[PDB]
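Here you get one chain, nothing else, as structure tokens; it is the form deposited in one PDB entry.
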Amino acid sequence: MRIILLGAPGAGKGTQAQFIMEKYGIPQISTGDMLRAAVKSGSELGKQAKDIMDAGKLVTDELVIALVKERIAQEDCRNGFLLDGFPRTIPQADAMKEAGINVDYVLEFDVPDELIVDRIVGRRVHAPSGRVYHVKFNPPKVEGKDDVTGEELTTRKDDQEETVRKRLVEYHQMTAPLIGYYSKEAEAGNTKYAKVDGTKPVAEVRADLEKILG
């Protein structure tokens, strides 16, 4: 199974990706995480990016597209994967068609602008695993600590309010057209498309997805 998750930053994509990956065995492919990690190591594809992310602007299409192509060439993706943050522009989506990468499901998280900032300002991550927390809406069991390793959680550098607003503008300009893009792909039968209410609590969004994916 191959899945794309669409939605504003802070819509809940990464959070729900973890559950999908655990129930259905397909890895999460999060270009944001890959970029943030490639930034960290600085010895692989996608090293050039910290200044662009930190502005809240998208990395250039070709770079990301390659990074994903290499990432899905790994043996763990061969039976399925979950794209989370990719494609993020019409060129990235067209490059998937160009490369012969079909998708079985596109899952749209509906979450209004007015909820996005509180979500992202309170976000805490465990980078090594991708686990995502929210200090209030989905907290670690122990404040400040990853549930599994006990490692102290971090804040992403792009999770500041000012930056989050510019990201949202950028999102509505370059990435929201993907909604219509994959709706048209679904009307033509080339994918299954579904819209979920991403304002519900985490466990309810989780249950709504379970009911779509069987």
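Shifts are known only where both forms have a C-alpha. Each form is matched to the other, and the largest set of C-alpha atoms that superpose within 1.5 Å is called the rigid core. For every residue, the number given is its place in the sequence shown, counted from 1.
One more form of this protein should be noted, the form deposited in another entry, which is absent from this view; the next part is about it.
*Asks:* Would you indicate which listed residue, out of 187, 44, 54, 161, moves its Cα by 2 Å or more between this form and the one not shown relative to the superposed core?
*Replies:* After core superposition, the single residue displaced by 2 Å or more is 44.
*Asks:* Once the core is aligned, please say if the CA of residue 130 is shifted by at least 2 angstroms between this form and the one not shown.
*Replies:* True for residue 130: a C-alpha shift of 2 Å or more.
*Asks:* Superpose the two forms on the rigid core, then report in sequence order the stretches of at least three consecutive residues whose Cα positions each move 2 Å or more between this form and the one not shown.
*Replies:* Residues 43-47, 127-130 form the shifted runs.
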